[PDB]
């Protein structure tokens, strides 16, 4: 059993090179039932570590995630890997956003959509 019920989600996809814009657009539709209001997606590359993606999602309605694989994403080129995330309820949207945007290596590895919600 896996359950998280929150308007605010913090996702981390380890060992994942997905372009942030395409991950964002895909999570917008997977979460469309909860009316996403803001999403930030960041692809983190750094010389001595594994590449990964973080996503912050702020929804209008409380998301009900009861399947741990509900936000899995598949890349559209060989080897067609499936990326499974760590899913969490965000304790502090401002701290999550600061953490993931301060880690990034360049502004080209960040994607944003919507208006940031002052929680």
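Positions refer to the first chain, counted from 1.
Between 10-18 and 102-110, name whichever shows the higher mean Cα B factor according to the PDB entry.
The stretch with the larger average C-alpha B-factor is 102-110.
Would 26-34 or 43-51 have the larger average of its C-alpha temperature factors, as given in the entry?
The stretch with the larger mean CA B-factor is 43-51.
For the CA B factor values reported in this entry, which option in 58, 72, 77, 88 has the top one?
It is 77.
How does the C-alpha B factor of residue 116 compare with the rest of the chain: lowest, middle or highest third?
Lowest third, going by the recorded CA B-factors of the chain.
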